[PDB]
Amino acid sequence: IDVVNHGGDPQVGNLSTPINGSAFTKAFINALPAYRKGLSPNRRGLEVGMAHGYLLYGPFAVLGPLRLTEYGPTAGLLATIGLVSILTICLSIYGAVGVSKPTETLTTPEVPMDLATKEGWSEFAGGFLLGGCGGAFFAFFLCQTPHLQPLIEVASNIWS
Amino acid sequence: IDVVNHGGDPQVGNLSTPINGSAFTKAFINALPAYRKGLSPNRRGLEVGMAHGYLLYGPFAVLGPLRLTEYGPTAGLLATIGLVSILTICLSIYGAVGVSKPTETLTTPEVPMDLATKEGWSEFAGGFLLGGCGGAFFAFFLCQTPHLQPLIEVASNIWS
Amino acid sequence: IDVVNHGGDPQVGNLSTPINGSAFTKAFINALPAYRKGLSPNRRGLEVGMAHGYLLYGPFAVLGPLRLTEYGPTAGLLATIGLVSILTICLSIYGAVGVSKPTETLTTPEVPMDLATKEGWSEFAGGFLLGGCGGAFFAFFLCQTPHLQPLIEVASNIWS
Amino acid sequence: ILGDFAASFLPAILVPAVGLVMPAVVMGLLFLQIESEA
Amino acid sequence: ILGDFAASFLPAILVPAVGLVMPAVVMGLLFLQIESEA
Amino acid sequence: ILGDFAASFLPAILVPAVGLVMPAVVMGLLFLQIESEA
Amino acid sequence: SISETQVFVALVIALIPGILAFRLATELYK
Amino acid sequence: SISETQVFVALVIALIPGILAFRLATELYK
Amino acid sequence: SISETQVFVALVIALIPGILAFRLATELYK
Ligand code: CLA
Ligand code: CLA
Ligand code: CLA
Ligand code: CLA
Ligand code: CLA
Ligand SMILES: CC1=C(/C=C/C(C)=C/C=C/C(C)=C/C=C/C=C(C)/C=C/C=C(C)/C=C/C2=C(C)CCCC2(C)C)C(C)(C)CCC1
Ligand SMILES: CC1=C(/C=C/C(C)=C/C=C/C(C)=C/C=C/C=C(C)/C=C/C=C(C)/C=C/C2=C(C)CCCC2(C)C)C(C)(C)CCC1
Ligand SMILES: CC1=C(/C=C/C(C)=C/C=C/C(C)=C/C=C/C=C(C)/C=C/C=C(C)/C=C/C2=C(C)CCCC2(C)C)C(C)(C)CCC1
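Protein chains in written order, with PDB author numbering: chain 0, 4 to 163; chain L, 4 to 163; chain l, 4 to 163; chain i, 1 to 38; chain I, 1 to 38; chain 7, 1 to 38; chain m, 2 to 31; chain M, 2 to 31; chain z, 2 to 31.
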């Protein structure tokens, strides 16, 4: 029994491995904000930016020049905001150059047609900005309001 | 003089009462963010979410487990953010199932065609997220910055 | 050599002066959020609102009734939020009246077609709201977190 | 400054409502009324 | 209140995960499963 | 650390402008210049 | 002096000409 | 009492029936 | 040492080769 097959077309340079496209990776990649069926841009970008802004307040808050200082969480928030702004500028200029239709693979047989235009990628960039700012500020608020929150004591004792 | 008429079609199960559809309820329901003529989604959702996030920082800020504690306004802000996020997840999955054209009544003879698609309800959900977060944070900032603001002393002396 | 020419059509009431339309003002006005080619509304409005909310936390923070008080930056943030909200209400009612196609000049031979509709101006207004709130809060956070930041000492010693 | 009269918190609510909130509402509503077509 | 048992911080993470996070995930996923057409 | 020279606040503004702001502007503008078609 | 409750009583009494002024103004428009 | 590391060892051991329960449930669906 | 105003004077003097370098670079492009 060949569990590693092609995608239906063998001469295309890809293989349908269990990791690539079997049953659980076709879903949860087609159900991510990118490649989900019903979402518009400025909603895909909102979800992606919220997740990214939330995760990126982890190596700036406890890993920085100010991490031994009470200004450390605020400096990590400002650094996350700056990185999200730089990434939004990158997304905006990537769209402003001109985008093509995204690459269709075995995992994603249907790519979002709304991201194939410059106007869709501008909405994605704006949603990424608002989401990144919101996620970074939400992670800052969650890390700052108990003022110790000993989950942050974990992975800062590691990153001493 | 029959002030309680039908809507023009008697065999439809509704009545055009003064409360339902007379002169002042056809307007101000057709002029709400839902059912307004010129608005797009991610603007209807923005207005609705801003109003909802602002009103929902009333039974969490002064009514909670921390309401006798200085962390009470911050906990109310976090609870409002969590409720807005849960409601946004509900809106997103309601759209992701697939929406039909909204119900046309006597009060609203014209319903928004832009909310009849899955892409429009995704923009509505994203606008609701940004609006709810903004309204909750604005109400938190307004309640927190004078640090007493004796309008909050009203309806907390009631809710003692 | 006539450096001051017409735009190609002399009987139109405008002149193509160096300031108006020569080489450096056709670009950087066609490359502003308004008149840029690839952007959608709720992205033009986002950029415009972010710039406006950032600049408007300059005559409210150090120029106000509370500018000698520690509540001064917070009052300036609240005043910037209020002005951005009033301007968003103005944009929303300007769109809700009904907009025409924007004026085409020598500097801008192509105006955004997406701002020629009521739905586009609603997205612009919502983006202006989110951008203004984000820019005002970002300027508040930047001015507040070092708590002195002696660039603010400049232009407050002037505005003593 | 709150007064010695009964319900002194009502000037702190009604005066910004009648001086800022409802004039903004009335100018917005009258603007939409006088600028709408047909 | 943290316990005297080893890894006392794990009730502070797993109990809100199993009581709030994954039931929300399971109801969202099962809602999308039972309400999708075809 | 501010210096004893005149206008010591100008390194605090120009150095992040020439090291972060205008290189980002120049790379964005040159990226749009070298990647635009026609 | 008058009581605090008398001010709120006079306010909800004043809503009765508040509603009726809105009802007269719309019918004067027609 | 057991150590702190033994709890994390038992958790990553418990991922082995965690994965295999997901694998059985999908094949029981088919 | 030089004064604080002399630094700002030299900066706004330096805008005169700042503008003219931009004017030469665009004409060298053409
Ligand atoms: C036309 C008559 C008149 C006038 C000129 C005033 C003027 C004043 N009142 Mg008011 N008021 C009036 C009627 C009047 N009132 C009556 C009948 C009541 C109900 C019992 C009150 C109850 C009242 C309260 C409780 C308070 C005031 C206060 C105020 C001040 C600011 C306005 C404000 O924010 O509150 C206006 C709030 C209202 C509830 C008034 C509603 C409107 C009234 C009923 C009359 C309608 C006005 C007019 C006829 C319609 C528009 C005409 C147009 C052509 C201009 C100002 C001194 C405030 C104050 O003392 O601040 C220091 C305050 O908090 N008023
Ligand atoms: C079905 C058996 C069973 C039951 C009823 C419980 C019940 C409990 N456990 Mg758990 N647990 C179990 C198995 C079990 N456990 C085993 C085998 C391990 C791995 C060695 C642990 C490891 C463990 C940790 C480390 C912690 C708990 C804790 C908890 C409490 C809250 C649940 C939670 O958040 O953690 C659930 C977290 C897990 C990692 C459990 C994973 C699921 C296990 C392996 C069994 C699967 C359940 C069931 C068979 C499948 C669904 C059946 C469905 C029909 C309902 C509760 C008292 C918490 C506690 O003490 O709070 C005070 C806590 O932090 N558990
Ligand atoms: C090419 C000549 C040269 C070089 C190598 C330097 C280098 C330096 N200057 Mg500058 N500067 C120069 C010209 C020069 N300067 C002149 C003519 C003036 C105007 C009177 C100044 C005014 C000045 C100020 C007021 C400050 C510096 C500072 C700095 C430092 C960081 C750069 C910065 O942020 O400020 C650059 C800011 C400017 C206003 C310079 C504008 C550009 C000048 C005029 C020359 C143009 C460069 C080049 C010819 C064009 C690009 C060539 C390309 C191929 C690389 C660095 C030591 C900072 C410092 O001391 O930090 C510790 C600081 O705050 N400079
Ligand atoms: C009759 C109504 C009235 C009322 C109640 C006020 C109220 C106020 N004025 Mg204003 N003003 C008015 C008429 C009025 N104004 C008119 C007619 C003029 C023109 C001559 C002025 C000229 C004037 C100037 C030029 C300034 C004031 C300022 C102030 C503030 C002083 C409080 C303080 O110490 O700073 C504390 C300030 C704050 C706490 C900021 C309040 C901002 C609020 C909270 C935002 C609300 C957001 C809201 C949702 C949007 C607006 C309402 C919406 C319905 C449209 C206060 C908010 C000063 C100020 O601070 O500006 C805001 C100021 O600089 N006013
Ligand atoms: C078994 C799971 C479980 C867990 C872990 C909790 C946890 C909690 N409950 Mg809840 N609840 C549950 C089941 C549970 N609930 C159910 C089944 C009922 C119905 C009978 C209730 C009824 C109930 C009420 C009515 C109230 C609580 C409140 C609380 C909070 C008390 C903490 C405190 O002192 O205030 C501190 C509070 C906070 C720090 C706010 C936490 C908000 C978080 C941080 C937002 C997270 C955002 C997140 C991304 C979105 C949600 C998760 C997402 C995956 C869907 C805490 C968050 C109280 C509260 O504060 O409400 C929030 C409250 O009023 N609960
Ligand atoms: C599942 C899974 C996975 C994954 C994992 C991960 C990766 C995670 C992450 C996670 C995350 C990463 C999360 C995040 C979250 C986020 C959030 C939660 C956010 C929110 C936010 C908000 C809500 C905000 C708000 C706001 C705004 C918007 C504005 C204003 C301000 C504020 C702040 C209010 C894997 C792959 C392993 C596989 C298996 C399964
Ligand atoms: C009129 C009327 C009525 C109604 C009433 C009510 C219901 C009210 C409510 C009200 C409300 C409920 C209000 C609200 C408001 C809101 C607001 C005012 C908001 C705003 C916000 C903002 C502006 C924010 C901002 C931001 C953002 C966005 C982001 C970042 C951060 C910040 C915070 C900055 C009735 C029915 C009786 C009938 C008669 C008449
Ligand atoms: C260049 C040039 C010019 C101009 C100048 C100016 C006018 C400037 C301004 C500037 C500005 C005016 C800037 C601004 C900036 C802004 C920004 C930088 C913003 C950002 C923001 C953000 C990022 C935020 C965030 C957030 C959100 C969104 C929500 C939540 C919260 C938070 C806060 C996180 C001229 C004409 C002379 C000509 C020559 C050249």
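The beta-carbon is built from N, C-alpha and C at its ideal position, and this holds for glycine as well.
With burial defined as no fewer than 16 other Cβ atoms inside 10 Å of the residue's Cβ, what is the status of residue i: buried or exposed?
i, result
"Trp-162 (chain L)", "exposed"
"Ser-125 (chain l)", "buried"
"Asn-45 (chain L)", "buried"
"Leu-29 (chain m)", "exposed"
"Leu-20 (chain i)", "exposed"
"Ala-99 (chain L)", "buried"
"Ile-84 (chain 0)", "buried"
"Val-157 (chain l)", "exposed"
"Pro-11 (chain I)", "exposed"
"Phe-141 (chain l)", "buried"
"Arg-24 (chain m)", "exposed"
"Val-7 (chain L)", "exposed"
"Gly-19 (chain m)", "exposed"
"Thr-91 (chain l)", "buried"
Could you tell me which chain L residues have their CB closer than 9 Å to the CB of residue i, listed as they occur along the chain?
i, result
"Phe-31 (chain i)", "Chain L residues near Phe-31 (chain i): none, gap ~13 Å exceeds 9 Å."
Let me check understanding here. Comparing Cα to Cα, which of the options lies closest to residue i?
i, options, result
"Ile-89 (chain L)", "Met-22 (chain I), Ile-13 (chain I), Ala-38 (chain I) and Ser-36 (chain I)", "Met-22 (chain I)"
"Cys-93 (chain L)", "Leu-81 (chain L), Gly-138 (chain L) and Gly-129 (chain L)", "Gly-129 (chain L)"
"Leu-49 (chain l)", "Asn-17 (chain l), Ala-139 (chain l) and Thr-110 (chain l)", "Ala-139 (chain l)"
"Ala-37 (chain 0)", "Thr-111 (chain 0), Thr-148 (chain 0), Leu-132 (chain 0) and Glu-156 (chain 0)", "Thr-111 (chain 0)"
"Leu-29 (chain 7)", "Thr-77 (chain 0), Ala-26 (chain 0), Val-114 (chain 0) and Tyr-97 (chain 0)", "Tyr-97 (chain 0)"
"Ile-22 (chain L)", "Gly-16 (chain L), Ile-32 (chain L), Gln-14 (chain L) and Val-15 (chain L)", "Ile-32 (chain L)"
"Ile-13 (chain I)", "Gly-123 (chain 0), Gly-11 (chain 0) and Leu-154 (chain 0)", "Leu-154 (chain 0)"
"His-55 (chain L)", "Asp-12 (chain L), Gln-152 (chain L) and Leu-80 (chain L)", "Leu-80 (chain L)"
"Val-87 (chain L)", "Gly-137 (chain L), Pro-76 (chain L) and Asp-5 (chain L)", "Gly-137 (chain L)"
"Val-15 (chain L)", "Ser-43 (chain L), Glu-107 (chain L), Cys-146 (chain L) and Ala-34 (chain L)", "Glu-107 (chain L)"
"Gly-135 (chain 0)", "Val-65 (chain 0), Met-53 (chain 0), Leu-58 (chain 0) and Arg-47 (chain 0)", "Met-53 (chain 0)"
"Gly-10 (chain 0)", "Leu-66 (chain 0), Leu-109 (chain 0), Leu-118 (chain 0) and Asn-160 (chain 0)", "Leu-109 (chain 0)"
"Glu-73 (chain L)", "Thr-148 (chain 0), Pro-105 (chain 0) and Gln-152 (chain 0)", "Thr-148 (chain 0)"
Taking Cβ-Cβ distances shorter than 7 Å, what residues in chain 0 pair up with residue i?
i, result
"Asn-45 (chain l)", "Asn-45, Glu-126 and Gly-129"
"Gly-28 (chain 7)", "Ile-92 and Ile-96"
"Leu-133 (chain l)", "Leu-133"
"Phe-63 (chain l)", "Residues of chain 0 passing the Cβ test: none, with the nearest at roughly 21 Å."
Please classify residue i: does DSSP put it in a helix, a strand, or coil?
i, result
"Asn-23 (chain l)", "helix"
List the residues of chain l whose Cβ lies closer than 9 Å to the Cβ of residue i, in chain order.
i, result
"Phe-9 (chain 7)", "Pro-153, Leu-154, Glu-156 and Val-157"
"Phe-31 (chain L)", "The premise fails here: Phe-31 (chain L) is roughly 14 Å from chain l at the closest Cβ pair, so nothing lies under 9 Å."
"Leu-59 (chain L)", "Simply none; closest approach about 18 Å."
Interface residues of chain 7 around residue i at Cβ under 8 Å?
i, result
"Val-8 (chain z)", "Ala-6, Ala-7 and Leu-10"
If the cut is a Cβ gap below 8 Å, which residues of chain i does residue i touch?
i, result
"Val-100 (chain l)", "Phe-31, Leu-32, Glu-35 and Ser-36"
Name, please, each residue of chain 7 whose Cβ falls closer than 7 Å to the Cβ of residue i.
i, result
"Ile-3 (chain z)", "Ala-6"
Which chain l residues sit within Cβ distance under 8 Å of residue i?
i, result
"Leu-49 (chain L)", "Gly-129, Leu-132 and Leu-133"
Mind listing the chain l neighbours of residue i? Cutoff is C-beta to C-beta under 7 Å, in chain order.
i, result
"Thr-83 (chain 0)", "By Cβ distance, chain l contributes nothing, its closest Cβ being about 12 Å from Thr-83 (chain 0), past 7 Å."
Find the residues of chain 0 that neighbour residue i, judging by a C-beta separation of less than 8 Å, and give them in chain order.
i, result
"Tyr-38 (chain L)", "Here the premise fails: no neighbours, minimum Cβ distance about 20 Å."
Along chain 0, in chain order, which residues have C-beta atoms closer than 9 Å to that of residue i?
i, result
"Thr-148 (chain l)", "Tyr-74, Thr-77, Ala-78, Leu-80 and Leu-81"
Check your understanding: What are the complete alpha helix (DSSP H) segments, minimum 4 residues, inside the segment 103-160 of chain L?
Key -> 121-147
Practice item. At 4 residues or longer, and completely inside the segment 23-94 of chain L: list those alpha helix (DSSP H) runs for me, N to C. Key: 47-58
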